[PDB]
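First, one chain by itself: the form deposited in one PDB entry, in structure tokens.
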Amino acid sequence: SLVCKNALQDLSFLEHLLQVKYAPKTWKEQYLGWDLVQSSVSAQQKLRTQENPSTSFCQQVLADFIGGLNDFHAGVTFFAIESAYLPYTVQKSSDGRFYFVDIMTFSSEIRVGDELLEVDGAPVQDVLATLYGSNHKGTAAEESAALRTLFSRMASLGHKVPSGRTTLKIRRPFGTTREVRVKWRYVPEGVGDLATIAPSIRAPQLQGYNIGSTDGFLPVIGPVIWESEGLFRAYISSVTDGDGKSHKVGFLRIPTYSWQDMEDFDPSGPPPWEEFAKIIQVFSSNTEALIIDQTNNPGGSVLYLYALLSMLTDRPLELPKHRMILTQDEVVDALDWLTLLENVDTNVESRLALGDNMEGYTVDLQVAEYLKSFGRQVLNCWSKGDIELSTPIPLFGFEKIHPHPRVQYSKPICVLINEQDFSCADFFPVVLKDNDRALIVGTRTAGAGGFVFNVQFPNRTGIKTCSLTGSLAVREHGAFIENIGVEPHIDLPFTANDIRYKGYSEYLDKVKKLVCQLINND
């Protein structure tokens, strides 16, 4: 089959990429027991045993292949518009129950607070399992990612896309069970399937709960005495400990690290790191502690991550490093750095070459020194042959974060994290935890440790982008971040009660106690 031959040829290329620039390969083989060849043959078998397989089929098989790496940064997108979604958002309680927390439509028999029991006569947990990847380990993170695709399928991601209607068995809060008939919002495929066209081909002739949400879903922690009216959701409340003694506590939500994609961001007005700074000043002056909600964050720019970290300390913070796979491509970046900073010996000279700030991070002679150090280390590894999985190297050469020159929050911090924190959102709590700067609370993060790089190549299988991880992050003490993530100091999952009434009062009550203990420092 033409379609089949194309998929096998492209499968071998993706297989090849994994052997050239996939830094976590060795980790996956040892941690998951993953085997490139077997996994590859397992996919070839699915392609070869179909029957006039469709382009869609092949895309689905290739996505599962890359899906077997159990890597959030490793995936495959296709040139396919087909999709189907249901205007519902659910959240799972620590005791295994799924509740609707948001409905985006008309008074359907499904309301917020109802519990989801089945999908097409099958228990929700069993339907989710069919959405897991080949090497599913059972982490909360993989579970949640699967949940997110329960009501949002896209051919561009390799999902099977359903159409028509489906049955959801829901449970009302007063015990009434009802089977509800819902209809997928379906967008038909626009790219014609290559198999249908194959026989007619002629030889050439001449002549919110969303990840990244600004506000998040947590209700205020107590009476508000102050509130920011800018980009970020931030405010001051008064919490009374178990001794009727009031305390002023700051609350701030860091929604994403790709600052330009922030809801309501205006490229003409002042950058987001400047408004963040205005909020910290207020907090430094009028608060005794700071709660930072970092849940449901996709990550984004590292330099921005560093920018925010630099305003939450008055002492340098040690940073993790990355084991990299080097090619002459990285070597040229190294040389570019060294020449750009060649004649830099003063703070003024640093800014003249790098700018006043790098996405919020203050530029100094120290920044220029780190970057030069970075280029020298890349060049040294290259000449030493340490290029398959390099000695750990810090991004941009930054060994540590130095306190911002003007604003520095120095009181106790309590960061809230969850299974939907990836990339920089993994790093934020890692840095604060390992440097003992803050109390980490919530549930283990996703474990997406390594920078991504995308690869595009012409093909007739519909592959648009294959993204891969080019590094393996390692913490001060040796622990890898990939797949493990960051464990919180206090495991605090959401209960059925927190979710069922959308009050999260048991979660917030817990958070308030911890903070009070931080203040009273007992």
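Numbers follow the displayed sequence, beginning with 1. Heads up, when I say rigid core I mean the largest set of C-alphas that superpose within 1.5 Å between the two forms.
Enquirer: Does the entry skip any residues of the deposited sequence between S268 and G269, and if so, is it 1 to 3, 4 to 9, or 10 or more, or none at all?
Expert: Nothing is missing.
Enquirer: For the higher mean C-alpha B factor in the entry, choose 472 to 480 or 61 to 69.
Expert: Per the PDB entry, the higher value belongs to 472 to 480.
Enquirer: Could you settle it for me: does 305 to 313 or 396 to 404 have the higher average Cα B factor in the PDB entry?
Expert: Taking the mean B-factor of the alpha carbons in each, 396 to 404 is higher.
Enquirer: If you check the C-alpha B-factor for each of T362, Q420, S93, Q207 in the entry, which is highest?
Expert: The listed residue with the largest C-alpha B-factor is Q207.
Enquirer: From the list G75, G230, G299, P412, select the residue with the highest C-alpha B factor recorded in the entry.
Expert: Of the options given, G230 has the highest CA B-factor in the PDB entry.
Enquirer: Please place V367 in the lowest, middle or highest third of its chain according to the CA B-factor in the PDB entry.
Expert: Answer is lowest: the recorded C-alpha B-factor places it there.
Enquirer: Is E115 in the lowest, middle or highest third of its chain when residues are ranked by C-alpha B-factor?
Expert: Middle third.
Enquirer: By the record's CA B-factor, is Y31 among the lowest, middle or highest third of residues in the chain?
Expert: According to the entry, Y31 has a C-alpha B-factor in the chain's highest third.
Enquirer: By the record's CA B-factor, is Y501 among the lowest, middle or highest third of residues in the chain?
Expert: It belongs to the highest third of the chain when residues are ordered by C-alpha B-factor.
Enquirer: Ranking the modelled residues of this chain by C-alpha B-factor as given in the entry, is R351 in the lowest, middle or highest third?
Expert: Its C-alpha B-factor belongs to the middle third of this chain's values.
Beyond the structure shown, there is the form deposited in another entry, which is absent from this document and is the topic of what follows.
Enquirer: Superposing the core, which one of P199, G121, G96, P223 shows a C-alpha shift reaching 2 Å or more between the shown form and the other one?
Expert: After core superposition, the single residue displaced by 2 Å or more is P199.
Enquirer: Does the C-alpha of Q30 move 2 Å or more between the shown form and the other one once the rigid core is lined up?
Expert: No, because once the rigid core is superposed, the C-alpha of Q30 moves less than 2 Å between the shown form and the other one.
Enquirer: Can we say the CA of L47 moves by at least 2 Å between the shown form and the other one when the core is superposed?
Expert: After core superposition, the displacement of the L47 C-alpha between the shown form and the other one reaches the 2 Å mark, so yes.
Enquirer: Please check if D498 moves between the shown form and the other one, taking a CA shift of 2 Å or more relative to the superposed core as movement.
Expert: Superposed on the core, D498 moves its C-alpha less than 2 Å between the shown form and the other one.
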